[PDB]
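Below is one structure, written out as structure tokens, with a few remarks after it.
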Amino acid sequence: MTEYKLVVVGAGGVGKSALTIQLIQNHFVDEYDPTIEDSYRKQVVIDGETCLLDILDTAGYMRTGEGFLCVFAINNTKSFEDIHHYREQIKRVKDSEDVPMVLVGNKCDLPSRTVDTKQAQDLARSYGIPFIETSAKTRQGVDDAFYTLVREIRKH
Ligand SMILES: Nc1nc2c(ncn2[C@@H]2O[C@H](COP(=O)(O)OP(=O)(O)O)[C@@H](O)[C@H]2O)c(=O)[nH]1
Ligand SMILES: [Ca+2]
Ligand code: NA
């Protein structure tokens, strides 16, 4: 089956690990060593196509990434501001302005939202990529986030 090399990036504490573990292990991790950077495998069916996801969970194989999740936390304006810095890195590492990518706004279950949906959507539109609100806690949008990225790779 087709192997998709996915990579999760973003500021520290946005939920990169929590999203990866929730997708794969199907549980919400209370805490994850911020210094652990490793890849995790996951067999999955997307639109009737079975495939293996090789998900590199980065910590603050990178270059071989076929698709990237740019994650920020909706209760963290700084992490949202950091997004551009991460997208530009991916552009340079892949030597391409058109890399498969999705903007993820995590922790959408928290009431202390400081980054509006409209604000995040506009940024996604400026990048020409999909935007997806997620919660590693409740599982909202988690599958959709990774699956949409696979779909973006298929287009490319
Ligand atoms: N409420 C809430 N907390 C989250 C969510 N995702 C991650 N966290 C918390 O944020 C902290 C750091 O998450 P982590 O996965 O390590 O983010 P990372 O540093 O980018 O890998 C942990 O204490 C998690 O419990 C979420 O969707 N909702
Ligand atoms: Ca982590
Ligand atoms: Na790293």
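The chains in the structure tokens are called A, B, ... from first to last as shown; in each chain the residues are counted from 1, and the ligands are counted from 1 in the order shown.
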
**OP:** Find the residues near residue 133 of chain A: any atom within 10 Å, counting only C-alpha atoms, skip ones fewer than 3 places away on the same chain, and give them as JSON, numbers by chain.
**Re:** {"A": [71, 72, 73, 74, 103, 104, 105, 106, 107, 108, 109, 117, 120, 121, 140, 141, 142, 144, 145]}

Resulting file, chosen residues, N, CA and C atoms, as a short mmCIF file (atom, residue, chain, number, x, y, z; two decimals), in the first residue's frame:
data_model
loop_
_atom_site.label_atom_id
_atom_site.label_comp_id
_atom_site.auth_asym_id
_atom_site.auth_seq_id
_atom_site.Cartn_x
_atom_site.Cartn_y
_atom_site.Cartn_z
N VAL A 71 0.47 23.39 12.81
CA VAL A 71 -0.43 23.43 13.96
C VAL A 71 -0.18 24.66 14.82
N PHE A 72 -1.27 25.27 15.27
CA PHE A 72 -1.22 26.30 16.30
C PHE A 72 -2.36 26.04 17.27
N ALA A 73 -2.30 26.66 18.44
CA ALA A 73 -3.35 26.54 19.44
C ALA A 73 -4.23 27.78 19.41
N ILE A 74 -5.54 27.58 19.46
CA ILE A 74 -6.50 28.68 19.35
C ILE A 74 -6.48 29.60 20.57
N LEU A 103 -3.52 23.90 7.55
CA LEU A 103 -3.45 24.71 8.76
C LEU A 103 -4.39 24.14 9.82
N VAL A 104 -3.82 23.77 10.96
CA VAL A 104 -4.59 23.17 12.04
C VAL A 104 -4.66 24.10 13.24
N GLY A 105 -5.88 24.41 13.67
CA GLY A 105 -6.11 25.19 14.88
C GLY A 105 -6.57 24.27 16.00
N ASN A 106 -5.65 23.92 16.88
CA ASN A 106 -5.92 22.92 17.91
C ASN A 106 -6.48 23.53 19.20
N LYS A 107 -6.98 22.66 20.07
CA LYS A 107 -7.54 23.05 21.37
C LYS A 107 -8.82 23.87 21.22
N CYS A 108 -9.63 23.53 20.22
CA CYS A 108 -10.87 24.26 19.96
C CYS A 108 -11.97 23.94 20.96
N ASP A 109 -11.65 23.13 21.97
CA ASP A 109 -12.59 22.82 23.04
C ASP A 109 -12.47 23.82 24.19
N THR A 117 -11.79 32.13 14.24
CA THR A 117 -11.87 31.23 13.09
C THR A 117 -11.62 32.02 11.81
N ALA A 120 -8.00 32.66 11.27
CA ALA A 120 -7.28 31.47 10.82
C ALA A 120 -7.64 31.12 9.38
N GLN A 121 -8.92 31.23 9.04
CA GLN A 121 -9.38 30.95 7.69
C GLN A 121 -8.71 31.87 6.68
N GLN A 140 -12.34 15.85 18.05
CA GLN A 140 -12.91 16.71 17.02
C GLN A 140 -11.85 17.07 15.97
N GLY A 141 -12.16 16.79 14.71
CA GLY A 141 -11.34 17.22 13.59
C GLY A 141 -10.01 16.51 13.42
N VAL A 142 -9.67 15.62 14.35
CA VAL A 142 -8.35 14.98 14.34
C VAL A 142 -8.13 14.14 13.08
N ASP A 144 -9.94 14.20 10.36
CA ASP A 144 -10.15 15.09 9.22
C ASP A 144 -8.88 15.87 8.88
N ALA A 145 -8.14 16.27 9.91
CA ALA A 145 -6.92 17.03 9.72
C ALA A 145 -5.88 16.22 8.94
#

Proximity of chain A to ligand 2: per-residue shortest pair, 9 Å limit, only C-alpha atoms and all ligand atoms, as CSV:
residue,atom,partner,partner_atom_place_in_ligand_line,distance
A:12,CA,ligand 2,1 (Ca),7.1
A:13,CA,ligand 2,1 (Ca),7.0
A:14,CA,ligand 2,1 (Ca),8.5
A:15,CA,ligand 2,1 (Ca),7.0
A:16,CA,ligand 2,1 (Ca),5.5
A:17,CA,ligand 2,1 (Ca),4.4
A:18,CA,ligand 2,1 (Ca),7.5
A:31,CA,ligand 2,1 (Ca),8.8
A:32,CA,ligand 2,1 (Ca),6.0
A:33,CA,ligand 2,1 (Ca),6.3
A:34,CA,ligand 2,1 (Ca),4.4
A:35,CA,ligand 2,1 (Ca),6.6
A:36,CA,ligand 2,1 (Ca),6.2
A:37,CA,ligand 2,1 (Ca),7.0
A:57,CA,ligand 2,1 (Ca),6.8
A:58,CA,ligand 2,1 (Ca),6.7
A:59,CA,ligand 2,1 (Ca),5.4
A:60,CA,ligand 2,1 (Ca),8.1

How would the residues just chosen look if you wrote them out with C-alpha atoms as a PDB file, in the first residue's frame?
ATOM      1  CA  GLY A  12       5.921  24.141  21.512  1.00  0.00           C
ATOM      2  CA  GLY A  13       2.782  23.097  23.357  1.00  0.00           C
ATOM      3  CA  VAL A  14       0.274  23.479  20.512  1.00  0.00           C
ATOM      4  CA  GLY A  15      -0.541  19.766  20.658  1.00  0.00           C
ATOM      5  CA  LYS A  16       1.652  18.202  17.981  1.00  0.00           C
ATOM      6  CA  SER A  17       2.213  15.061  20.051  1.00  0.00           C
ATOM      7  CA  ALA A  18      -1.327  14.975  21.452  1.00  0.00           C
ATOM      8  CA  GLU A  31       1.769  15.147  28.953  1.00  0.00           C
ATOM      9  CA  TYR A  32       4.467  14.164  26.471  1.00  0.00           C
ATOM     10  CA  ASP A  33       8.215  14.756  26.784  1.00  0.00           C
ATOM     11  CA  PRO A  34       8.683  17.904  24.658  1.00  0.00           C
ATOM     12  CA  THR A  35      12.129  16.680  23.555  1.00  0.00           C
ATOM     13  CA  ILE A  36      10.914  13.454  21.923  1.00  0.00           C
ATOM     14  CA  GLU A  37      10.951  13.613  18.128  1.00  0.00           C
ATOM     15  CA  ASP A  57       6.162  14.315  15.224  1.00  0.00           C
ATOM     16  CA  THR A  58       8.735  17.127  15.333  1.00  0.00           C
ATOM     17  CA  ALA A  59      10.139  18.692  18.506  1.00  0.00           C
ATOM     18  CA  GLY A  60      11.713  22.122  18.936  1.00  0.00           C
TER      19      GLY A  60
END

Backbone DSSP call of strand (DSSP E) for chain A, listed as a PDB file with N, CA, C and O atoms, in the first residue's frame:
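Below is the file states28.pdb, written as the result:
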ATOM      1  N   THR A   2       0.316   2.341  -0.525  1.00  0.00           N
ATOM      2  CA  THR A   2       1.043   3.600  -0.629  1.00  0.00           C
ATOM      3  C   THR A   2       1.413   4.133   0.751  1.00  0.00           C
ATOM      4  O   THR A   2       0.582   4.162   1.660  1.00  0.00           O
ATOM      5  N   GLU A   3       2.669   4.546   0.899  1.00  0.00           N
ATOM      6  CA  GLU A   3       3.146   5.147   2.136  1.00  0.00           C
ATOM      7  C   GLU A   3       3.165   6.663   2.008  1.00  0.00           C
ATOM      8  O   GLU A   3       3.761   7.202   1.078  1.00  0.00           O
ATOM      9  N   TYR A   4       2.507   7.339   2.946  1.00  0.00           N
ATOM     10  CA  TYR A   4       2.506   8.797   2.997  1.00  0.00           C
ATOM     11  C   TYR A   4       3.353   9.285   4.169  1.00  0.00           C
ATOM     12  O   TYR A   4       3.051   8.997   5.324  1.00  0.00           O
ATOM     13  N   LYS A   5       4.416  10.021   3.862  1.00  0.00           N
ATOM     14  CA  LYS A   5       5.266  10.608   4.891  1.00  0.00           C
ATOM     15  C   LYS A   5       4.721  11.966   5.312  1.00  0.00           C
ATOM     16  O   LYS A   5       4.852  12.951   4.584  1.00  0.00           O
ATOM     17  N   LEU A   6       4.109  12.004   6.491  1.00  0.00           N
ATOM     18  CA  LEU A   6       3.527  13.229   7.027  1.00  0.00           C
ATOM     19  C   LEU A   6       4.412  13.787   8.134  1.00  0.00           C
ATOM     20  O   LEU A   6       5.109  13.039   8.817  1.00  0.00           O
ATOM     21  N   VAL A   7       4.383  15.106   8.299  1.00  0.00           N
ATOM     22  CA  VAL A   7       5.200  15.775   9.305  1.00  0.00           C
ATOM     23  C   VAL A   7       4.372  16.832  10.025  1.00  0.00           C
ATOM     24  O   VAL A   7       3.702  17.643   9.392  1.00  0.00           O
ATOM     25  N   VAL A   8       4.426  16.811  11.353  1.00  0.00           N
ATOM     26  CA  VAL A   8       3.683  17.751  12.183  1.00  0.00           C
ATOM     27  C   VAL A   8       4.638  18.795  12.754  1.00  0.00           C
ATOM     28  O   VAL A   8       5.611  18.451  13.426  1.00  0.00           O
ATOM     29  N   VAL A   9       4.353  20.066  12.481  1.00  0.00           N
ATOM     30  CA  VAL A   9       5.185  21.167  12.961  1.00  0.00           C
ATOM     31  C   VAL A   9       4.345  22.220  13.678  1.00  0.00           C
ATOM     32  O   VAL A   9       3.116  22.213  13.596  1.00  0.00           O
ATOM     33  N   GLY A  10       5.023  23.124  14.378  1.00  0.00           N
ATOM     34  CA  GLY A  10       4.359  24.174  15.126  1.00  0.00           C
ATOM     35  C   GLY A  10       5.082  24.493  16.421  1.00  0.00           C
ATOM     36  O   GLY A  10       5.977  23.757  16.844  1.00  0.00           O
ATOM     37  N   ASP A  38      10.056  11.639  17.052  1.00  0.00           N
ATOM     38  CA  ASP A  38      10.107  10.327  16.423  1.00  0.00           C
ATOM     39  C   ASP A  38       8.917  10.163  15.487  1.00  0.00           C
ATOM     40  O   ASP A  38       7.939  10.906  15.581  1.00  0.00           O
ATOM     41  N   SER A  39       9.014   9.197  14.580  1.00  0.00           N
ATOM     42  CA  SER A  39       7.936   8.914  13.644  1.00  0.00           C
ATOM     43  C   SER A  39       7.040   7.800  14.176  1.00  0.00           C
ATOM     44  O   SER A  39       7.492   6.922  14.914  1.00  0.00           O
ATOM     45  N   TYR A  40       5.766   7.850  13.799  1.00  0.00           N
ATOM     46  CA  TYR A  40       4.783   6.864  14.233  1.00  0.00           C
ATOM     47  C   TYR A  40       3.978   6.389  13.028  1.00  0.00           C
ATOM     48  O   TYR A  40       3.608   7.185  12.168  1.00  0.00           O
ATOM     49  N   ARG A  41       3.713   5.087  12.971  1.00  0.00           N
ATOM     50  CA  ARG A  41       3.034   4.488  11.825  1.00  0.00           C
ATOM     51  C   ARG A  41       1.563   4.209  12.110  1.00  0.00           C
ATOM     52  O   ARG A  41       1.174   3.970  13.252  1.00  0.00           O
ATOM     53  N   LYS A  42       0.753   4.237  11.056  1.00  0.00           N
ATOM     54  CA  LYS A  42      -0.689   4.091  11.187  1.00  0.00           C
ATOM     55  C   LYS A  42      -1.305   3.636   9.872  1.00  0.00           C
ATOM     56  O   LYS A  42      -1.269   4.365   8.880  1.00  0.00           O
ATOM     57  N   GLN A  43      -1.867   2.431   9.862  1.00  0.00           N
ATOM     58  CA  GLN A  43      -2.611   1.947   8.707  1.00  0.00           C
ATOM     59  C   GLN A  43      -4.020   2.524   8.747  1.00  0.00           C
ATOM     60  O   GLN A  43      -4.674   2.506   9.790  1.00  0.00           O
ATOM     61  N   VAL A  44      -4.484   3.036   7.611  1.00  0.00           N
ATOM     62  CA  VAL A  44      -5.770   3.719   7.552  1.00  0.00           C
ATOM     63  C   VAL A  44      -6.372   3.661   6.151  1.00  0.00           C
ATOM     64  O   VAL A  44      -5.652   3.546   5.159  1.00  0.00           O
ATOM     65  N   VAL A  45      -7.699   3.742   6.086  1.00  0.00           N
ATOM     66  CA  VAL A  45      -8.422   3.815   4.820  1.00  0.00           C
ATOM     67  C   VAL A  45      -8.948   5.233   4.618  1.00  0.00           C
ATOM     68  O   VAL A  45      -9.688   5.751   5.455  1.00  0.00           O
ATOM     69  N   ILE A  46      -8.560   5.855   3.510  1.00  0.00           N
ATOM     70  CA  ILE A  46      -9.016   7.201   3.174  1.00  0.00           C
ATOM     71  C   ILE A  46      -9.657   7.202   1.790  1.00  0.00           C
ATOM     72  O   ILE A  46      -8.990   6.943   0.787  1.00  0.00           O
ATOM     73  N   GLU A  49      -9.206   4.100  -0.144  1.00  0.00           N
ATOM     74  CA  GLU A  49      -7.820   3.721  -0.385  1.00  0.00           C
ATOM     75  C   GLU A  49      -7.116   3.448   0.934  1.00  0.00           C
ATOM     76  O   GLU A  49      -7.004   4.332   1.782  1.00  0.00           O
ATOM     77  N   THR A  50      -6.647   2.218   1.100  1.00  0.00           N
ATOM     78  CA  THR A  50      -5.863   1.853   2.268  1.00  0.00           C
ATOM     79  C   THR A  50      -4.434   2.340   2.065  1.00  0.00           C
ATOM     80  O   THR A  50      -3.867   2.191   0.984  1.00  0.00           O
ATOM     81  N   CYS A  51      -3.858   2.929   3.105  1.00  0.00           N
ATOM     82  CA  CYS A  51      -2.510   3.475   3.020  1.00  0.00           C
ATOM     83  C   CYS A  51      -1.853   3.501   4.393  1.00  0.00           C
ATOM     84  O   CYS A  51      -2.530   3.441   5.419  1.00  0.00           O
ATOM     85  N   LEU A  52      -0.526   3.583   4.398  1.00  0.00           N
ATOM     86  CA  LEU A  52       0.237   3.671   5.632  1.00  0.00           C
ATOM     87  C   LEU A  52       0.710   5.103   5.843  1.00  0.00           C
ATOM     88  O   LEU A  52       1.392   5.671   4.990  1.00  0.00           O
ATOM     89  N   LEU A  53       0.336   5.684   6.977  1.00  0.00           N
ATOM     90  CA  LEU A  53       0.793   7.016   7.342  1.00  0.00           C
ATOM     91  C   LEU A  53       2.059   6.910   8.180  1.00  0.00           C
ATOM     92  O   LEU A  53       2.060   6.256   9.220  1.00  0.00           O
ATOM     93  N   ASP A  54       3.134   7.543   7.717  1.00  0.00           N
ATOM     94  CA  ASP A  54       4.362   7.657   8.498  1.00  0.00           C
ATOM     95  C   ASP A  54       4.463   9.084   9.014  1.00  0.00           C
ATOM     96  O   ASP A  54       4.881   9.988   8.292  1.00  0.00           O
ATOM     97  N   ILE A  55       4.074   9.276  10.271  1.00  0.00           N
ATOM     98  CA  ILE A  55       3.902  10.610  10.832  1.00  0.00           C
ATOM     99  C   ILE A  55       5.077  11.013  11.708  1.00  0.00           C
ATOM    100  O   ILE A  55       5.248  10.489  12.809  1.00  0.00           O
ATOM    101  N   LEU A  56       5.876  11.956  11.217  1.00  0.00           N
ATOM    102  CA  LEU A  56       6.984  12.502  11.988  1.00  0.00           C
ATOM    103  C   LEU A  56       6.492  13.610  12.910  1.00  0.00           C
ATOM    104  O   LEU A  56       6.055  14.666  12.454  1.00  0.00           O
ATOM    105  N   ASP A  57       6.563  13.351  14.210  1.00  0.00           N
ATOM    106  CA  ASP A  57       6.162  14.315  15.224  1.00  0.00           C
ATOM    107  C   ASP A  57       7.382  15.124  15.664  1.00  0.00           C
ATOM    108  O   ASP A  57       8.163  14.673  16.503  1.00  0.00           O
ATOM    109  N   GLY A  67       3.891  15.744   3.111  1.00  0.00           N
ATOM    110  CA  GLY A  67       2.830  16.643   3.527  1.00  0.00           C
ATOM    111  C   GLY A  67       3.052  17.114   4.948  1.00  0.00           C
ATOM    112  O   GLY A  67       3.627  16.389   5.760  1.00  0.00           O
ATOM    113  N   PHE A  68       2.590  18.326   5.248  1.00  0.00           N
ATOM    114  CA  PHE A  68       2.861  18.956   6.538  1.00  0.00           C
ATOM    115  C   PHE A  68       1.606  19.509   7.206  1.00  0.00           C
ATOM    116  O   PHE A  68       0.802  20.187   6.571  1.00  0.00           O
ATOM    117  N   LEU A  69       1.447  19.211   8.493  1.00  0.00           N
ATOM    118  CA  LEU A  69       0.431  19.859   9.312  1.00  0.00           C
ATOM    119  C   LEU A  69       1.064  21.026  10.058  1.00  0.00           C
ATOM    120  O   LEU A  69       1.972  20.834  10.868  1.00  0.00           O
ATOM    121  N   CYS A  70       0.586  22.233   9.769  1.00  0.00           N
ATOM    122  CA  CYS A  70       1.041  23.430  10.465  1.00  0.00           C
ATOM    123  C   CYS A  70       0.066  23.736  11.591  1.00  0.00           C
ATOM    124  O   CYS A  70      -1.019  24.269  11.361  1.00  0.00           O
ATOM    125  N   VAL A  71       0.469  23.393  12.810  1.00  0.00           N
ATOM    126  CA  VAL A  71      -0.426  23.434  13.958  1.00  0.00           C
ATOM    127  C   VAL A  71      -0.181  24.663  14.825  1.00  0.00           C
ATOM    128  O   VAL A  71       0.962  25.048  15.075  1.00  0.00           O
ATOM    129  N   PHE A  72      -1.272  25.274  15.271  1.00  0.00           N
ATOM    130  CA  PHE A  72      -1.221  26.302  16.299  1.00  0.00           C
ATOM    131  C   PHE A  72      -2.363  26.039  17.269  1.00  0.00           C
ATOM    132  O   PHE A  72      -3.280  25.274  16.961  1.00  0.00           O
ATOM    133  N   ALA A  73      -2.298  26.663  18.441  1.00  0.00           N
ATOM    134  CA  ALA A  73      -3.352  26.535  19.438  1.00  0.00           C
ATOM    135  C   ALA A  73      -4.230  27.778  19.407  1.00  0.00           C
ATOM    136  O   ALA A  73      -3.726  28.898  19.332  1.00  0.00           O
ATOM    137  N   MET A 101      -0.075  20.839   2.353  1.00  0.00           N
ATOM    138  CA  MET A 101      -0.050  21.424   3.682  1.00  0.00           C
ATOM    139  C   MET A 101      -1.458  21.752   4.161  1.00  0.00           C
ATOM    140  O   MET A 101      -2.343  22.036   3.357  1.00  0.00           O
ATOM    141  N   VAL A 102      -1.655  21.705   5.477  1.00  0.00           N
ATOM    142  CA  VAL A 102      -2.934  22.059   6.085  1.00  0.00           C
ATOM    143  C   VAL A 102      -2.702  22.870   7.357  1.00  0.00           C
ATOM    144  O   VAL A 102      -1.805  22.565   8.144  1.00  0.00           O
ATOM    145  N   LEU A 103      -3.517  23.900   7.551  1.00  0.00           N
ATOM    146  CA  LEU A 103      -3.454  24.713   8.758  1.00  0.00           C
ATOM    147  C   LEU A 103      -4.385  24.136   9.816  1.00  0.00           C
ATOM    148  O   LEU A 103      -5.590  24.030   9.599  1.00  0.00           O
ATOM    149  N   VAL A 104      -3.819  23.769  10.960  1.00  0.00           N
ATOM    150  CA  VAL A 104      -4.590  23.167  12.039  1.00  0.00           C
ATOM    151  C   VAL A 104      -4.659  24.101  13.245  1.00  0.00           C
ATOM    152  O   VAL A 104      -3.632  24.535  13.764  1.00  0.00           O
ATOM    153  N   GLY A 105      -5.880  24.407  13.674  1.00  0.00           N
ATOM    154  CA  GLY A 105      -6.113  25.185  14.877  1.00  0.00           C
ATOM    155  C   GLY A 105      -6.574  24.273  15.995  1.00  0.00           C
ATOM    156  O   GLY A 105      -7.744  23.898  16.052  1.00  0.00           O
ATOM    157  N   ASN A 106      -5.651  23.919  16.883  1.00  0.00           N
ATOM    158  CA  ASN A 106      -5.915  22.921  17.914  1.00  0.00           C
ATOM    159  C   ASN A 106      -6.482  23.527  19.199  1.00  0.00           C
ATOM    160  O   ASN A 106      -6.466  24.745  19.382  1.00  0.00           O
ATOM    161  N   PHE A 131      -8.026  24.801   6.057  1.00  0.00           N
ATOM    162  CA  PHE A 131      -7.961  25.051   7.495  1.00  0.00           C
ATOM    163  C   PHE A 131      -8.920  24.118   8.229  1.00  0.00           C
ATOM    164  O   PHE A 131     -10.058  23.927   7.802  1.00  0.00           O
ATOM    165  N   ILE A 132      -8.450  23.535   9.329  1.00  0.00           N
ATOM    166  CA  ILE A 132      -9.252  22.592  10.100  1.00  0.00           C
ATOM    167  C   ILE A 132      -9.063  22.819  11.597  1.00  0.00           C
ATOM    168  O   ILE A 132      -7.941  22.797  12.100  1.00  0.00           O
ATOM    169  N   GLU A 133     -10.171  23.040  12.301  1.00  0.00           N
ATOM    170  CA  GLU A 133     -10.149  23.174  13.752  1.00  0.00           C
ATOM    171  C   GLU A 133     -10.166  21.794  14.387  1.00  0.00           C
ATOM    172  O   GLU A 133     -10.954  20.935  13.989  1.00  0.00           O
TER     173      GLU A 133
END

Subject >> Picked from segment 42-105 of chain A by DSSP as alpha helix (DSSP H), as a PyMOL selection string >> reply: chain A and resi 77-81+83-94

Print the selection's residues with N, CA, C and O atoms to a file, as a CSV table (one decimal), in the first residue's frame.
chain,number,residue,atom,x,y,z
A,77,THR,N,-2.0,33.1,20.8
A,77,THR,CA,-1.7,34.0,19.7
A,77,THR,C,-0.3,33.9,19.1
A,77,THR,O,-0.1,34.0,17.9
A,78,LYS,N,0.6,33.7,20.0
A,78,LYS,CA,2.0,33.6,19.6
A,78,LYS,C,2.3,32.4,18.7
A,78,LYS,O,3.0,32.5,17.7
A,79,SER,N,1.7,31.3,19.0
A,79,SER,CA,1.8,30.1,18.1
A,79,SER,C,1.2,30.3,16.8
A,79,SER,O,1.6,29.7,15.8
A,80,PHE,N,0.1,31.1,16.7
A,80,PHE,CA,-0.5,31.5,15.5
A,80,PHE,C,0.4,32.4,14.6
A,80,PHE,O,0.6,32.2,13.4
A,81,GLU,N,1.0,33.3,15.3
A,81,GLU,CA,2.0,34.2,14.7
A,81,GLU,C,3.2,33.4,14.1
A,81,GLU,O,3.8,33.8,13.2
A,83,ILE,N,3.2,30.5,12.7
A,83,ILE,CA,2.8,29.7,11.6
A,83,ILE,C,3.6,30.0,10.3
A,83,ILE,O,4.1,29.1,9.6
A,84,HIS,N,3.7,31.3,10.0
A,84,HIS,CA,4.4,31.8,8.8
A,84,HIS,C,5.8,31.3,8.8
A,84,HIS,O,6.3,30.9,7.7
A,85,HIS,N,6.5,31.4,9.9
A,85,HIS,CA,7.8,31.0,10.1
A,85,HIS,C,8.0,29.5,9.8
A,85,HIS,O,9.0,29.1,9.2
A,86,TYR,N,7.0,28.7,10.1
A,86,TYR,CA,7.1,27.2,9.9
A,86,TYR,C,6.8,26.9,8.4
A,86,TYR,O,7.4,26.0,7.9
A,87,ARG,N,5.8,27.6,7.8
A,87,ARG,CA,5.5,27.4,6.4
A,87,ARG,C,6.7,27.7,5.5
A,87,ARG,O,6.9,27.0,4.5
A,88,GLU,N,7.4,28.8,5.8
A,88,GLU,CA,8.5,29.2,5.0
A,88,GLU,C,9.7,28.2,5.1
A,88,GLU,O,10.4,28.1,4.1
A,89,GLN,N,9.8,27.6,6.3
A,89,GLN,CA,10.9,26.6,6.5
A,89,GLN,C,10.6,25.4,5.6
A,89,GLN,O,11.5,24.9,4.9
A,90,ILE,N,9.3,25.0,5.5
A,90,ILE,CA,8.9,23.9,4.7
A,90,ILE,C,9.1,24.1,3.2
A,90,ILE,O,9.5,23.2,2.5
A,91,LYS,N,8.8,25.4,2.8
A,91,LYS,CA,9.1,25.8,1.5
A,91,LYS,C,10.5,25.6,1.1
A,91,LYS,O,10.8,25.0,0.0
A,92,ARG,N,11.4,26.0,2.0
A,92,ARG,CA,12.8,26.0,1.7
A,92,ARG,C,13.4,24.6,1.8
A,92,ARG,O,14.3,24.2,0.9
A,93,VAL,N,12.9,23.8,2.7
A,93,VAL,CA,13.5,22.4,2.9
A,93,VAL,C,13.0,21.5,1.7
A,93,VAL,O,13.8,20.6,1.4
A,94,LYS,N,11.9,21.8,1.1
A,94,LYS,CA,11.3,21.0,0.0
A,94,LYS,C,11.6,21.7,-1.3
A,94,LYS,O,11.4,21.1,-2.4

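Within the 8 Å cut-off around residue 152 of chain A, using only C-alpha atoms and omitting residues fewer than 2 positions from it on the same chain, the listed residues are residues 67, 100, 101, 148, 149, 150, 154, 155 and 156 of chain A.
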
Subject >> Pairwise distance for atom CA of residue 19 of chain A and atom CA of residue 130 of chain A, rounded to one decimal in Å >> reply: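 Atom CA of residue 19 of chain A sits 17.2 Å away from atom CA of residue 130 of chain A.
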
**OP:** Grab the atom CA of residue 127 of chain A to atom CA of residue 147 of chain A distance for me, in Å with one decimal place.
**Re:** 18.9 Å

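Interatomic distance, atom CA of residue 110 of chain A against atom 26 (C, counted along the ligand's line) of ligand 1: 7.7 Å.
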
Original post:
Out of A:124, A:62, A:115, A:11, which residue has the shortest atom-to-atom distance to ligand 1 when counting only C-alpha atoms and all ligand atoms?
Top reply: A:11

Subject >> Among listed residues A:1, A:95, A:128, A:114, nearest residue 76 of chain A (using only C-alpha atoms) >> reply: A:114
